Structure formats: C-alpha cells, structure tokens
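These notes are about the structure you will find just below.
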DNA sequence: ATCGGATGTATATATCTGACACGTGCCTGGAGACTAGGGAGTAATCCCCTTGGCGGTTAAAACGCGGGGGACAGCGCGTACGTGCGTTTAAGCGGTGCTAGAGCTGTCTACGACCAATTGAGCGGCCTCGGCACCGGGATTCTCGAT
DNA sequence: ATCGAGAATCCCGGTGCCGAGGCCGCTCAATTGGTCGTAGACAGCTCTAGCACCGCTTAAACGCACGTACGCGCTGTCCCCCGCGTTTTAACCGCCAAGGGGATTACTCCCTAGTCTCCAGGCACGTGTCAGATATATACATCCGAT
Ligand SMILES: [Zn+2]
Ligand SMILES: [Zn+2]
C-alpha cells in the first residue's frame, strides 16, 4: 500500500545526482587510517601532511571511478546490466595494469 | 572418400605453427607502396631508407598482433569463439586509443 | 620594435618573457639558449591559457555563476575535442565527471 | 683501491667508467657530476646486462644452439617476471610471442 | 594594390570631412609616407602650440598599424624626447576597423588628459603628480619656446 | 618572513580580464591553471631540448620550439600555436 | 671516416664471462646496445630530475641509488642497489 | 575661386582668391577681413605649414579647399 | 527581403564581399579579410573585439565557416561581381 | 598499532562510486575485489612517495611527494602544487 | 606519379595470418575492413611525426633513426634498429 | 573403445656458404698533476603545524524482509565461415645503370655568454565588501497503480 | 492508447559571512651597457645508395563449391539485489594543549671544473673457417570414419 518505486528506477536518480556534484564519496578518517597503516608498513614512525592525504584521496577516487566506468562498459558488452568480478579482471587486463 | 579434417583443427595447427616462427607476415612490396603513398600525401617528393620501411613494418605488425590478442580475449569474455568488429572497437576503447 | 619598453610589451604579449628566459637558461635544458626562443614559448603558453580560460568562462556563464571554479574548468576541458586529447591523463582535483548514462540502461 | 690501474679495473667492473662519466657530464643532466655516480651507474648497467645475457644463454642452450638470436632474447625477457615488467612497453624486432592458446579454444575431449 | 584603394578611401574621407584641430596629408609624391599636425585642445595647457609628426605606412595594410612619430618636442610623460609614443591602439589593440582619423582623435583625447598608467617619460610624470601648477607652467614654457 | 615564491597568478588574471571583462576566479582555479602552465612549459622545453640534442647542436632556437609545438599538440591547436608564435616573434624582431 | 661509439666489446666480454661457450649474433647485439642505452637514459634522467627536485646542483651516488630504487621492480632494485654499493665501496679504496 | 578656412573658434570664413596668390597675400587678405595681426596667424594644409615666401599653387590646391588657421598668441 | 548592392559590399574591403563568413556576433566578412586577420592580427572580430579562436578552430575542422544562404543569394542576384574576380 | 582498516571502505562508499561511474546494478562480489585493487593502488603509490621522502632526509611526507609520485606513475594531478 | 587505393594490398590472407599469430581461432567476415582502417590510422599517426622529424633537420630522406624516435615519442619503443 | 589409413610433423645425415671471431694500424678520447672557489655539510634557533584528547549531535552505517526483475541453462534454426581444389597474378630475386642527396672540410662573421650598476616589477601582508552558501516556502514534473 | 495521488526537483526571496580583489611597502632579479670566444651558415667537394628498369620463376592470392557448427532468438526457472523501515555507531565539528621537526642562517672546508700534457684502448678494415640453413630420406604422433 505505501508508495514503492519499481526496482532500479531510483538507481538512475542516484547516477544523475552523483554525476553532477563533486564532493568526496569516501569518509575522511577511515581513508587516513588506511593510508597511515600502509605507510607504517613501509617505514615506521612517519608523519603525514593533511594535503598529502587529500591528494591521495583525490587520486584514488579518480582511479576507482575510471575503473568502474570501464567495468560497466564491459558488462554492457557482455549482454548484461550488472558488473561481476570477471568484468573487472578483464578491464584491468586490457588496460595492461596486470598482464 | 577424400579425407578432410574436422573444421577447426588445421586452424589450431596454423596457430601452433605461426607462434613458433618470427618472420614478417605482410608482403614487403604492397606495404612499401602504402607507406610511400601516405608519405607523398603528407609531404611531396620524399625518399625512404630501406631500414625505415623495415622498422615501420615491424612496429605495425607488433601493434596488430597485440590488438588481435586483446580482441580475442574480449570476445572470449562474451561466451563466443569468433571475433567481431565490436570486439575490436571495445578493445580499442578500453586502451584509450580512440575513446 | 621600438626599444625603451619592457620585452613583454615589445611583442604584444602578457606572459613574462624574462622569467621564461631565466627558466630556460637555468633549467638544464641546453648549454646555450637563443634570443628568439623565450618569445615563442611565452606566446604559445599565453595562447593556450587564453584558449582554456575562454571556454571555462563560457561554461561558468552557462551555469549562472561569475566566478570560475574547478568544476567549470573540467567541464570546459572535457567537452572540447582537442583539449581532451592533449590532457588525456590529467586528473583535475574536485572536477567530477561528465554527465553520461549509457543508452541501454535507460528505461523503455 | 690501488690507484694505479685503469679506473674500470680499479672499480672491479667491466663496463666503462670514463665513457659513462663523459656521457653524464656532456649530456646536460646537471651542472656538476659527482665522482662516484658513474661507478654506480656502470655497476647497475653491468648487472642488468649480465642478468639478461644469462637468461638468453640458458634459453639458447635449451634450443640446441650456440648463438643468442633475437628470438632467444624475446623468450628470455617474456618468460621472466621482473624483466617483463621492466620492459613492459617495449617491442623487440624479429621477436615473436610466447606460445599460448586459450583453454576454451582447445577441442572437446 | 588592395591597400591602395583603402588609402584612397581614407584620403577622400579626410578631404570631404576634415577634422577639427588636426590636419594631415602626404608631404611627398610617395603615397605611403604621410604627415600630420595637431593643435592643442582649448581645455589644455597646450594653447597656441602645434605638433607636427610623420607617419610611415607599411606595404601590408590595413591589418598592421603604421609608424607614428613626432618631430617636435613637448612636455608630456607619454611623449618621448625623440617623439616615441606608447598607446595600446598604436601597437597593442590595433584593429582592421580602426582608421587613422580614429587614432588621431585618440591622440587628441590623450592630449586632453595625459595617461599616468605606463608613461614613457616617468620623471615628468611624477613631477605632474606632485602638483598640477608645475606641469602647467612648464608645459606653457615648452609650448611657447619651441612649439610656437 | 617566508622565502619568496614564484607563480603565474598575476599573468593568468590579466589574461582572464582581457578575455572576460567581468568574470572572477577562485584560488583553487588559480592553482590548477598555474600547474597547467607549468606542465605544458616543461613538456615543450623538454621536447625542444631532446630535439636540439638529436641534431648534434647546442642552442635552442625558435625553430626547435616551433617543431616541439608541432609535435606535442593536436593538429588544429598546433597550427594556431605556430601562427601565434610566428606573429609574436615577427613583431618582436622589429 | 667518422667513427661510431657503442657498447659492443663490453657486452661481448660480459657474455664470455657468464657463458664461456656461446656466441651472439649481430642483430641481438644491436638489440642489447639499444637496451643498455635505454636503461642508462632512464636512470640518468630520473637522477637529474630528482637532483633538481631538492634545489641541488650535482648528481652524487645516492641520487643514482634513489633513481635505481624508483625505476626497477623490487628484487631487481635490491640486487642492483647491493651491487652498486659494493662497487663504489671497492672503488673508494 | 572660392575656398573656406576654419579657425580655433570653430567659425568658417569664405575667401575669394586665385591659385597664384602668394601666402603673404593670403595672410594680408585674412588680416583685412578679420583684423588679426599676421604674426599671430599660422596656416596649415593637410599638415603642411605654409610659408609667406611661396604661393598657393605650389601645394596643388584645387577648388573649394578647406584650410585650418592657428592663432600664435605672443605670450602665455 | 533581398539585400541591396550597397549593403552587400565588404565591411572592410569597401568592395563586394565574396564567400561570406558569419561569426558568433553575427558579423559577415569575406574570406580574405577573415583569414588575413586570423593569421596576422589580434585574432578577433574587428567590429566587436572579442575572441573567436574557439569558434574558428571548431568550424575550420569540419569546414563550417561559410554561410550558404547569403553566399547563394549574392551569387544568384549579383553574379557579375563574381565575374569581375 | 593499526590493523584491519581496509573494511573502512564500507559498502555504501563503493556503491556510490559505482553510481558516479554510471553503474545501475551491482553484484555481490564486487566489493571485495574493489577493496583489493584499491589496496594495490595505495601500496604502489605510497612506496614511491615514501622513497621520495626518504631521499630528502625528511620525516613528513608532504603533498609534494605524493604529487610527484603520481606524476611519475603517469597519473598527473593538478590542484596540489607541482 | 600518384598512387591509388594501395590499402587493398593488405590481403585477406595476410590479416588472417596476423590473427593466427595473435591466437585467434575463428574470424568473422567483417574484421578485414576494420583492421584496414586501424592500420591506416596507425601509419598516419607515426608517419606524421617521422616526417616532422626528418623535415626539422633539413633533410629530404627519412631514416630508420627518425622512425624509432617517432615511435619512442609516441610511446612504443622499438629495439634493433639503432638509437 | 579401438581399429586402419592418411596426414603432418619430428628426426638422422651430407654440404656449403656467408657471417662471426680475430689480427693489425692508429688516433682521438681518456688518464695524471695542479689550482680556485663555490656548493654543500654542520651547528644553532625559531615557530608552524602535526599529533593528541574530550564532548556532543547526528547523518551515515548496519540489519532485516518482501519480491520482482535479471542471470543462466536448454533447444532449435540456418546461415555464415572453414576446408579443399583449380586458376590467375604479381611478389621475389638477380643484374645493371644513374644521380640526388648524405656526409665531410674550410672560412669567418654575427649571435650569445659574462659582469656591474640600477631600478621598477612583482611579492608579502591588511582590509573590506559583495558573491555565494543556506533556509523556508511554493510551483513544476516524473512515477506508478489503476483504469 | 489514458487520470490521478504521492513524491522528488526546481525557483524565488531573504539573511549572513569569509575570501577574493585591491592597496601599500619593500627588496631583488630583470635591464642595459660593453666586451669576447666560438657555433654554425655557407660554399665546395666526394661518393653511397635510393630509385628506376628488365627478365624469369613460382609461391601466394583468388574464386568457387560444399558442408557443419556456432551465433542468435526464444523459453522457462529460480534466486539475489533492491527498496524501504528501524536501530546502532562513529564521523564530524569545535575545542584545547604540547613539542617535533621543517625552515632559515652563519660558517667553513674540500670536491670538482678547468687547463695542460701525454699515451694506449677501441675503432675501421681485412681475413679465415665452421654453425646453421638446405635438401633428402625414414620414424612416429595424431586425426577421422566405423565399428
Ligand atoms: Zn574584405
Ligand atoms: Zn563582432
């Protein structure tokens, strides 16, 4: 009885909204903790400038968005509308990032 | 009464033979004529060293081999065995050659 | 050109010719730098900057704004045929992406 | 060192040190070139050269020959992992490719 | 040549509609050479002084500005001792639609009010900025000693 | 006080005023434009240096810059940039 | 006539040092020349850039060390760094 | 042969002269028709200063030519 | 409706205009004037003085510089101007 | 000490990123693979950044090092200097 | 001395051989035209830079060194031809 | 699950030829000794900024459930492509001739590097007001269940 | 084909605040002048090889015929993401506080460019000879129709 949208018709709304704004899509503190963890793995007792963390976040955001766009293109090519891991492996294979 | 192989086997034999050798697979004279035609389109009255033509041929053959390998991988991803022009188009699109 | 005026104004440019000359000379590019190189380099740089700024301002006007922000810069760069080709691998910070939804995905 | 022999011999290397020093100085990389840099650079070049040469020699001995031809170098570079990453975007003239066929394409048993 | 007809139009327009306080023409048989005289505006300290200058027209015209230089001396920050002049119309923003009459009118407007942005002679510029009377009577002295 | 730092901010602002008479620009866009100018200049200068070394010469003449511009940029931008550079150098000479 | 410079006899010496029995053909030899030139140019360019990074003016040993560490992958980087350090230590005395 | 000349005050006056008239004759006629002393008068045609020694025909002057007058005030 | 001969002349040449080119500011010019002011002038419309470099580059690639309607009107109703040159 | 932080990239974040990329329907195994590839990317960039910091005898990896590591990898970044 | 439609010199068996070398079993009937177009684009993109290099040096003959330099600039280094 | 043809591929042996490994003349770059000064190492100081912590509040994350659309397997069709054979075409190899242009050498002149005095263009710091962020109310427009 | 209720999105008006644009003081790098060693522009010469042509094989390309297996549409099943509501958690903001190391300056010293002289290591050219390519004749693995 309550109004419920057809399945999928609100995903298009999210796509339209998120392709218009430019704010960061990943929370700050978890990303900072992950970056500090990896750096501590490489070298112990390291300090990070906040600008460096923001730049790393921007680069990761752009890389992930591009990879997902290519993966969706592959999924469409496969006569489907959903992305599954083999699409990501194929996309990373054609781009020459793994070989 | 005549003996003919099943369709596909001698294709595999050809694949096994041509991945073993290292010669050039495009006839030299037509390729040289094509190169000279392109050059005369760009700048009139040019002369070509033989080594330049050979280097161009090697580069073109390597690029085409790589493209065909990636195209076959893309087509196999689609639960098919053949290769079709849309496979080439997608393999070129992902690499960013045309975008 | 007539002398007794700054080098940037002799050629009609606006970018700093002397600064470009110093950067070329002290940047470990070549042992000797000609006297015509910095003028040409400054001309090319200024032309490219003006070309990108025109499109950025046009997009900003289309968005009912009077201050160019990085989003307008990305919209201007990526919607141009040649500039996108030149800046193929460059990521503009806080630039977002172009609006694009695949044809198949739309409802029928 | 002894400070009596040739510079390459004094360093205990085989690749040249004077030629690399000249190339660094005249190549317009920096105004000054340190006295120890060419030794390091020659050592690294010689190590990488020896690595590739050893792989090529093993590949050639596998194929029952006595000379490394371009195909042997191509095989040695591709079969190894690290050297393939170091030369990922290169193309070897008269090189060929590794022999491989996708599993789907093989005939049904 | 194509520029010849455009110069014919310029000379015809100048003849049919002579300007006020500026008069210009070809001093010699050669058409490319040109010369002009400008009289100081009434609302200026250049009363009673006439300024003569020469112009060289490039063989490629109207898309390239001609060279203009005073032969007389005057007290003005933009005007150099040898007659060198700095104006954006002259070299920076010269346009095909611009006319010699328009640049002469711009020169007259410059004479009405000196430009303090990028003067060619800056010492007399800060002298004028220090006080108006000093520039006034030095300009009067110059225009009554040489320009007259 | 802090050491003096160099930037292209004022020239970019002058060009912006020349193109759009009544359009402002934020600081982030200034940073982006400055980085873009630095990147393009470094690309062109490095290409010219390599080209001038490839002919066993020693001086970076305007011809090297013109050829580097013809190399790096796409076709139409290359043609326009070459025209602009030729015009600028011709005006500068005389 | 104007003579050409190449790393030929040096690569041949290295090959004879590693494989005493085998030889090397001409085309593979030119390939090896090109490879050595490529690696040299990459390492030197990275070192020169990094030297300019820190407002220096000279290329010392540690500059080449950091360039080698940056360019080559892990195991190759470690082995090459060890080899270079050993060579420079042998050279300094 | 009728011509026109404009002064600094923006007034145009008519002169009936002949092309062979000397410049000094022209200045005498201007003084007669206006009362202005000759020494305060300077004559310019298309930027060319007129000297009393020569004549009008030396400048290739045609009919209904418009001239400019400059007042040379002795003192300022 | 049909433009007169007096207004058909070039805005710069002071003569007949051939192969019209229309700018974003709706200014018509002949190809000689346009090309010469592109390649040895400030690269802007001489009448309004605003940059047209982006439009020029856009329309040169696909050869969209000329305006068909005005050119064909001038050619059909004023042919002997074209016969002159 | 820091441990088990890759889960900080929660499922809604990855869903939002795919939505920006132009993704309508997401499967259930995408998230783990995305986390893995992201970890690979961070490791590969941070290695170069920390090496650049090491070479300068410094102890804080300022944004300049990150920018230059990205430039070396072929992923030039604007807006942070350079 | 103009030349016409020399791309027809790229025979169907040649492209078939190239695909076989790449590891392709079954080929459709339309790959040949697309491959011909791709080859044209590649030759134009390389020859443009090669001719620019050989023109900047006041020469009338392209040389293998010019081609390898153009390829290295474009992003596909080639060994075995000097430089 | 073989079994026999029949095919292609692998393997052993003679041979001969041109490219590789080495020997030699020599000359041009590399090595050795000495000098000057500036670039870099080192110690000391300052203060900016990075790390660390606490409390609130709340938007964002986690969990559960109903279901409808999409992934995926199976069947049938026919059409496009593999495979083999005969025929036509131009690639490939040798041999010769010619010269346009690549490459090297000698002159010398004009373009660019170096150094000193100087001053105005460009940068650091302050301040202000307007363009943009934000909130509340209303008008507009896709969307879906129901006809 | 449609009508309508509920929900998301766009316009408009008012209020506020902080950062971008302009102004001032200042110091240092661009400017101008003059001098001087040399890079390359030009003319001239040599001689390499790139182009053009001709003739003879024969290997590769072409056109055609036939058959089959693979692409594609269609159907059915089922199951797994999606959309929504409710509850928990920790991100974010503002606040304070401490000291670590980045950034700067002054000092000194020793490492390297620059010059001159001298000489031997590598390059060009020439020559001998055997590794590999070729032809020929057997041996064996593999495929396909048929039991
Ligand atoms: Zn015209
Ligand atoms: Zn206009």
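Of all the criteria given as (1) touching a residue at least 12 places away in the same chain (Cβ under 8 Å); (2) at the interface with another protein chain (Cβ under 7 Å from one of its Cβ atoms); (3) under 20 Å from residue J:47 (Cβ atoms), the one not satisfied by residue G:75 is (1).
For the range K:23-40, the criterion of being facing chain B (nearest Cβ under 9 Å), on the phi > 0 side of the Ramachandran plot, within 15 Å of DNA strand M (Cβ to nearest atom) and part of a loop (DSSP other than H, G, I, E, B) is met by no residue. The set of residues in the range G:39-52 that are touching a helix residue (DSSP H, G or I) at 6+ places or on another chain (Cβ under 7 Å) and either within 7 Å of chain D (Cβ to nearest Cβ) or under 20 Å from residue J:64 (Cβ atoms) (or both) comprises G:39, G:40, G:43, G:44, G:46, G:47, G:50, G:51. Looking across G:36, G:18, G:81, G:14, one residue alone is out of contact with any strand residue (DSSP E or B) (no Cβ under 6 Å at 6 or more places or on another chain) and either more than 8 Å from chain D (Cβ to nearest Cβ) or under 17 Å from residue D:34 (Cα atoms) (or both). It is G:81.
Hey, any hits in the range I:56-65 for a residue that's farther than 23 Å from residue F:79 by Cβ, in contact with a strand residue (DSSP E or B) (Cβ under 6 Å, 6 or more places away or on another chain) and within 16 Å of ligand 2 (Cβ to nearest atom)? For the range I:56-65, residues farther than 23 Å from residue F:79 by Cβ, in contact with a strand residue (DSSP E or B) (Cβ under 6 Å, 6 or more places away or on another chain) and within 16 Å of ligand 2 (Cβ to nearest atom): absent.
When the range C:19-43 is filtered for residues that are free of Cβ contacts under 8 Å to residues at least 12 places away in the same chain and out of contact with any strand residue (DSSP E or B) (no Cβ under 9 Å at 6 or more places or on another chain), the ones remaining, listed by number, are C:19, C:22, C:23, C:26, C:27, C:28, C:35, C:36, C:40. Criterion first (within 16 Å of DNA strand M (Cβ to nearest atom), surrounded by 13 or more Cβ atoms within 10 Å (Cβ to Cβ) and within 20 Å of residue D:19 (Cβ to Cβ)) does residue G:44 satisfy it? Considered against the rule, which asks whether it is within 16 Å of DNA strand M (Cβ to nearest atom), surrounded by 13 or more Cβ atoms within 10 Å (Cβ to Cβ) and within 20 Å of residue D:19 (Cβ to Cβ), residue G:44 comes out as yes.
Considering the range B:77-99, the residues that are surrounded by 19 or more Cβ atoms within 10 Å (Cβ to Cβ) and more than 7 Å from chain K (Cβ to nearest Cβ) include one that is farthest from residue B:18 (Cα to Cα), namely B:94.
Filtering the range K:44-76 to residues that are crowded, with 21+ Cβ neighbours inside 10 Å and more than 16 Å from residue F:54 (Cα to Cα) leaves K:46, K:47. Listed by first and then second residue, the pairs with beta-carbon distance under 8 Å, at least 6 apart or on different chains, first residue in the range I:37-49 and under 16 Å from residue C:48 (Cα atoms) and at the interface with chain E (Cβ under 9 Å from one of its Cβ atoms), second away from DNA strand L (no atom under 16 Å from the Cβ) and in a strand (DSSP E or B), are I:44/I:51. Being away from ligand 1 (no atom under 16 Å from the Cβ) and under 23 Å from residue J:79 (Cβ atoms) narrows it down to one residue among C:81, C:54, C:31; which is it? Going through C:81, C:54, C:31 in turn, just one is away from ligand 1 (no atom under 16 Å from the Cβ) and under 23 Å from residue J:79 (Cβ atoms): C:54. If the requirement is being within 16 Å of DNA strand L (Cβ to nearest atom), over 30 Å from residue F:82 (Cβ atoms) and out of contact with any helix residue (DSSP H, G or I) (no Cβ under 6 Å at 6 or more places or on another chain), which of these qualifies: K:59, K:17? Criteria check complete, one pass: K:17.
Whether a residue is assigned to a loop (DSSP other than H, G, I, E, B) and within 19 Å of residue K:42 (Cβ to Cβ) was assessed, and residue B:26 passes this test. Sub-8 Å Cβ pairs linking a first residue in the range I:9-28 that is without any contact (Cβ under 8 Å) to a residue 60 or more places away in the chain to a second residue that is within 16 Å of DNA strand M (Cβ to nearest atom) and assigned to a strand (DSSP E or B), at least 6 apart or interchain, number zero. Can residue E:53 be described as touching a strand residue (DSSP E or B) at 6+ places or on another chain (Cβ under 6 Å) and facing another protein chain (nearest Cβ under 10 Å)? Considered against the rule, which asks whether it is touching a strand residue (DSSP E or B) at 6+ places or on another chain (Cβ under 6 Å) and facing another protein chain (nearest Cβ under 10 Å), residue E:53 comes out as yes. The numbered conditions (1) more than 10 Å from chain B (Cβ to nearest Cβ); (2) over 16 Å from residue B:57 (Cα atoms) are all true for residue K:69 except (2).
Every condition in (1) away from DNA strand M (no atom under 14 Å from the Cβ); (2) in a helix (DSSP H, G or I); (3) closer than 21 Å to residue K:76 by Cβ is met by residue B:99 except one, and the failing one is (2).
Residues in the range A:33-64 that are more than 7 Å from chain J (Cβ to nearest Cβ), over 14 Å from residue J:66 (Cα atoms) and assigned to a helix (DSSP H, G or I): A:41, A:61, A:62.
Listed here are the residues, each with its yes/no results for (1) surrounded by fewer than 14 Cβ atoms within 10 Å (Cβ to Cβ); (2) away from ligand 1 (no atom under 12 Å from the Cβ).
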{"position": "I:5", "(1), (2)": "yes, yes"}
{"position": "I:12", "(1), (2)": "no, no"}
{"position": "I:18", "(1), (2)": "no, no"}
{"position": "I:25", "(1), (2)": "yes, yes"}
{"position": "I:34", "(1), (2)": "no, no"}
{"position": "I:42", "(1), (2)": "no, yes"}
{"position": "I:51", "(1), (2)": "no, yes"}
{"position": "I:54", "(1), (2)": "no, yes"}
{"position": "I:72", "(1), (2)": "yes, yes"}
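Are any of the residues in the range I:26-43 away from DNA strand M (no atom under 16 Å from the Cβ), touching a strand residue (DSSP E or B) at 6+ places or on another chain (Cβ under 8 Å) and more than 22 Å from residue E:60 (Cβ to Cβ)? Checked the range I:26-43: at least one residue is away from DNA strand M (no atom under 16 Å from the Cβ), touching a strand residue (DSSP E or B) at 6+ places or on another chain (Cβ under 8 Å) and more than 22 Å from residue E:60 (Cβ to Cβ). Against the condition away from ligand 1 (no atom under 16 Å from the Cβ) and closer than 21 Å to residue B:79 by Cα, how does residue A:45 come out, does it pass? Criteria not met by residue A:45.
Considering only residues in the range K:43-60 that are assigned to a loop (DSSP other than H, G, I, E, B) and within 8 Å of another protein chain (Cβ to nearest Cβ), the one that is farthest from residue B:57 (Cα to Cα) turns out to be K:57. Within the range K:1-17, how many residues are in contact (Cβ under 8 Å) with a residue 12 or more places away in the chain and in a helix (DSSP H, G or I)? Count: 3.
Each reported figure results from applying straightforward, stated rules to the coordinates on display, with no laboratory input. Positions of Cβ are generated from backbone atoms using ideal geometry, with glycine treated the same way; all protein chains shown enter the neighbour counts.
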